[PDB]
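Report on the structure
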Amino acid sequence: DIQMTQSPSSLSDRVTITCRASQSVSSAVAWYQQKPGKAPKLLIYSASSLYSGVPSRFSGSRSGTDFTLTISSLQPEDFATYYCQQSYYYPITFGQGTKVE
Amino acid sequence: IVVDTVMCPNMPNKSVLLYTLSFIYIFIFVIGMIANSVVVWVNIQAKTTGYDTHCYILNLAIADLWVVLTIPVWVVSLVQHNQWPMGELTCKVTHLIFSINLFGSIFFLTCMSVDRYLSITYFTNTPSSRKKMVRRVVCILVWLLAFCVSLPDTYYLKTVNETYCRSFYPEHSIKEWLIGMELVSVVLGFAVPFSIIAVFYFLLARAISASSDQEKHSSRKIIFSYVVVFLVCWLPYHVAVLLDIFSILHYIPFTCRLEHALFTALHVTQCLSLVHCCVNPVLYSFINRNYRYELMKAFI
Amino acid sequence: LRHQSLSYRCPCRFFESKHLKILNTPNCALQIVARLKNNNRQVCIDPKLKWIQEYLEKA
Amino acid sequence: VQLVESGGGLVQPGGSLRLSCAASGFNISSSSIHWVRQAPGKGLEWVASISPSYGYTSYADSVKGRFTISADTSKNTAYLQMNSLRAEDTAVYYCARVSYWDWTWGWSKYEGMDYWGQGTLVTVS
């Protein structure tokens, strides 16, 4: 694995989820949203390019190894464990999960 | 035996032809420079956006940029009826740059043709790092290969009443060198890359047809358009060169008119061949929506 | 490839050591072409050879 | 393009189990199929992937060698075959697709896993 430190692992709205990486991974990150007992849905592939049927509130950015997913105003579909991913190097390494209460 | 003398009088419109070629070459120079420069800039900015931007595209643009850039020296020499006003060192340098870059650009086309098929089949579970590494390795190899084939011609290129710079090949191999070199240029330039272009675009068309999701977004015609454009650019020029070789070996009986025809044909087809570098950006970059979006961003 | 400046228009850009066709081109001076019995191939002969020059001047 | 999982159940540790991700639509050899497991009350962890064109598998370190992934292209479907079951394995196994289209190629981007199943629950009692 190429480690990633995803923080914070609990959250509550201006929601920012910052994901650091152990090595430079260049725009192969992904974010997700798995509703409990339901398969993940892609939100952001690459590093800032949203997948189709993903609202405009979602916003990606790359700041070196400090990737971040942004949700300017939180919606009740956003209560899920978002998982930071990197695919730049394999193994594909997932974060620690960002529960949003 | 008997000796027949064919007086070959000066052809009327030689001056006009050279002026016309300079007139076309300026257009080649402007369009090629502009197209390649903007492609390189957009390519650099696309990496920033987080795109998987092909190394090959950047390289192709650079190679075309150099070929197009060596045009003015040729134009200056051509106006003076192929007379050379520059130095020997200048002659060598201009030729080497022209040759290396021209072979390199063609080779990058060949790489891209293969890369399309590989991207659909093989590279889809391959790490991002690994594919970038493969592109980089290939990029170095193409430059090296291009350099290797270009070198011998420059070595024997030496400035020779009226001044001309025309390659003087070794005494006991003058013939061999001339003919040999041009044929290598023809095969590596056109026969080998056209074959690759045809095969991996036929395969691409078949694959897209087998798919149903792909074919909605990807035109069937455009794939074959790539193949046909390549054919059109290169085949006349190589035919003209071959005809010249045949006339020298006199499998085409001499006529003053034949010489005039060859002179005109070589020159016109040379323009057509040099149009290849201009047309290279359009096929691989301009078609893609993604490039257009990036180009719009770059422009502003 | 080589630009046409680097390979100026001549009847032949090389020379060799029955019937002759004599080309008086205003480009690359006086040139010779000579039949070969090899395949009926015809290539240029040296235009500095002495008995060649005498024949050219004579004709 | 629809993915439906068939498998799951209760299987004792040290066992084996097979799951199928039936695919209806897309050519499955022009896309790579990945499996991602969410362990109960714990994070996601990548499991396996395959490019069926050359049978080019790739597994995560945790499940490396001890899991196998095999695909059929005749009818679009991917099979995750497990071995050496443990409490580690207990999770809801989702099948995901990383898709590809060759309309773009030269000005491509790094795609994620976009078409996701609904998953079968595997329990290691």
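Residues numbered from 1 in each chain as written, not as in the entry; some residues may be left out. Chains lettered and ligands numbered in written order. Heavy atoms only, no water.

Method of determination for the deposited model, per the PDB record: cryo-EM, at 4 Å resolution.

Where nonpolar side chains cluster on the molecular surface, the patch consists of B:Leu235, B:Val239, B:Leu243, B:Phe246 and B:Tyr251 and spans about 410 Å² of accessible area. Mapped onto the secondary structure, B:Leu243 falls in helix α8 (residues 221-248). (Patch = residues over 30% accessible without salt bridge, like charges linked within 9 Å, V, L, I, M, F, W, Y side chains within 5 Å. Areas by Shrake-Rupley, 256 points an atom, 1.4 Å probe, with all protein chains shown as cover. Salt bridge = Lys/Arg side-chain N within 4 Å of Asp/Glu carboxyl O. Helix = DSSP H or I, 4+ residues; strand = E, 2+ residues; numbered from the N terminus.)

Moving on: the UniProt feature "transmembrane region" in chain B. In the numbering used here, UniProt assigns the feature "transmembrane region" to residues 15-35, 56-76, 93-113, 137-157, 183-203, 222-242 and 266-288 of chain B. Secondary structure across residues 15-35 of chain B comprises 100% helix and 0% strand; the distance between its end C-alpha atoms is 30 Å. (UniProt positions renumbered as here; feature names shortened; annotations may be inferred.)

Moving on, we come to the environment of B:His217. With respect to the helices and strands, the residue B:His217 is situated in helix α7 (residues 214-217). The spacing of B:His217 and B:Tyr291 is 74 residues in sequence and 16 Å in space, taken between C-alpha atoms. Contacts of B:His217, omitting those with residues within four sequence positions, involve D:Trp101 and D:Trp103. Polar contacts involving the side chain of B:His217 include one to the main-chain carbonyl oxygen of B:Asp213, which spans 3.3 Å. (Contact = heavy atoms within 4.5 Å. Polar contact = N/O pair within 3.5 Å; in protein donor to acceptor, adjacent residues only side chain to side chain.)

All right, on to the sheet that holds strand β2 (residues 15-21) of chain A then. Residue and element names in this part refer to chain A. Taken together, 4 strands build an open sheet; the order of strands is β1-β2-β7-β6 and the sheet is antiparallel. Two strands bound the open sheet, and with one partner strand each, they are β1 (4-7) and β6 (58-61). Going from strand to strand, the sheet's axes swing by 15° on average, the running direction of each strand aside. Judged from the 4 bridges that link them, β1 and β2 form a sheet pairing that is antiparallel. Residue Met4 lies in a different strand from β2, and its bridge partner there is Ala21. (Pairing = 2+ DSSP bridges. Axes fitted to C-alpha atoms, helices over the stretch in contact; angles between N-to-C directions.)

All names here are of chain B. Quantified by volume, the largest pocket comes out at close to 880 Å³. For the lining of the largest pocket, the element with the highest residue contribution is helix α10 (residues 289-299), accounting for 4 residues. Taken together, the residues of the lining of the largest pocket break down into 20 nonpolar, 20 polar and 8 charged. (1 Å grid on protein atoms, 1.4 Å probe; cavity = no way out; pocket = protein on both sides within 12 Å on 5 of 7 lines; lining within 4 Å. Points joined across faces, edges and corners; volume = space filled by probe spheres on them. Nonpolar A, V, L, I, M, F, W, Y, C, P; charged D, E, K, R; others polar.)

With that out of the way, let us pick up the packing of aromatic side chains. One pass over the structure, following the stated rule, counts 28 aromatic pairs over all chains. Consider the rings of B:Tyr156 and B:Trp177, whose centres lie 5.1 Å apart with planes at 50°: the pair is tilted. For B:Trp177, a relative accessible area of 25% gives the class partly exposed. Note on B:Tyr284 and D:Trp105: the rings are 6.3 Å apart at their centroids and 65° apart in plane angle, and the pair reads as edge-to-face. Of this pair, B:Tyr284 sits in helix α9 (residues 256-286) while D:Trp105 sits in the loop between β9 (91-98) and β10 (107-109), placing the two residues on different chains. In terms of burial, B:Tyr284 and D:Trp105 fall into one category: buried. Connected via pairs of aromatic rings, a cluster forms that spans B:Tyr122, B:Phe123, D:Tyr54 and D:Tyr56. (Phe/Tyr/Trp six-rings, centres within 6.5 Å; stacked < 30°, edge-to-face > 60°. Buried < 20%, exposed > 50% of the residue type's maximum accessible area, 1.4 Å probe, protein only.)

The subject of this paragraph is the sheet that holds strand β5 (residues 49-50) of chain A. Residues and elements named next belong to chain A. With antiparallel pairing, 5 strands are arranged side by side in an open sheet as β5-β4-β3-β8-β9. Where the open sheet ends on each side, the last strands, each with one partner, are β5 and β9 (93-94). The pairing of strand β4 (residues 41-45) with β5 spans 2 bridges and is antiparallel. Within β5, the residue paired with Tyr45 across the bridge is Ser49.

We now examine empty space enclosed by the protein. Each pocket or cavity is described by its volume, and for the largest cavity that value is around 260 Å³. Surrounding the largest cavity, 14 residues form its lining, B:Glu182, B:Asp244, B:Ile245, B:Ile248 and C:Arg2 being those nearest its centre. Looking at the lining of the largest cavity element by element, the count peaks at 5 residues for α8(B). Broken down by class, the residue content of the lining of the largest cavity amounts to 8 nonpolar, 2 polar and 4 charged. The calculated volume of the second largest cavity comes to roughly 120 Å³. Lining the second largest cavity are 14 residues, with B:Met11, B:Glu259, C:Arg9, C:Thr25 and C:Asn27 sitting closest to its centre. Broken down by element, the residue count for the lining of the second largest cavity peaks at 3 residues, all from α9(B). By residue class, the composition of the lining of the second largest cavity is 9 nonpolar, 2 polar and 3 charged.

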